[PDB]
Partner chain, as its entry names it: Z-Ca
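To begin, one chain is listed below as structure tokens, in the form solved without its partner chain.
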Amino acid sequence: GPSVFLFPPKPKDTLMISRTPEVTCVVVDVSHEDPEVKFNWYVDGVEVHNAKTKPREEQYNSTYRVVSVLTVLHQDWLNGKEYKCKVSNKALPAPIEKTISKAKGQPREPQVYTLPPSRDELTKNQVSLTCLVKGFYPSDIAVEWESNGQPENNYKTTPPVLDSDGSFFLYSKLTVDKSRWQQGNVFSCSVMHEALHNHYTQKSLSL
């Protein structure tokens, strides 16, 4: 009994035309008795025929895996067009269908706020710098840290929590050594979201 899994493009892939958003349809538990699989793709009902399906790979449980990837348009995804993957197999009484698209709802511009560290944390070895992004819809977002054009990598981004007013919020905490923050250095919190102008914004944070 095969099962089908569908995945959305990464949030950054759609916010800039420099990248290529894609939707991947994965089939697992492909029986050895009947390993033939056909992929039918549909976008808002009408069938599309520009899908690039890779040949099957046998897994270690003697079950094959077929993967079909369809490259989508940036504006089509941001306009909320449903993508449907149809998988047919001789071992399936009925074909399996999976649909995916952007979450419905009017886009909402996120608010970016940078918080200087608490006074209590000025005694410890390292100092936490926090960035608050709130009110953005949908949850597809990307937050990054850098200083003087150089990325910072000791940070963790929280999952988008559903706020009380139907919107989303999250926190991105950057961990830095004490000495760096004491020198009056400037750090920037970079946020990319579809409701922001040019799908990008940043705010500085210094002593």
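Positions refer to the first chain, counted from 1.
Unshown form deposited with its partner chain bound; subsequent notes refer to it.
- Interface membership of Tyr200, defined by any non-hydrogen atom within 4.5 Å of its partner chain in the entry with it bound, is confirmed.
- Contact check for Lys86: no non-hydrogen atom falls within 4.5 Å of its partner chain in the entry with it bound.
- Using a 4.5 Å cutoff between non-hydrogen atoms, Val23 does not count as a contact of its partner chain in the entry with it bound.
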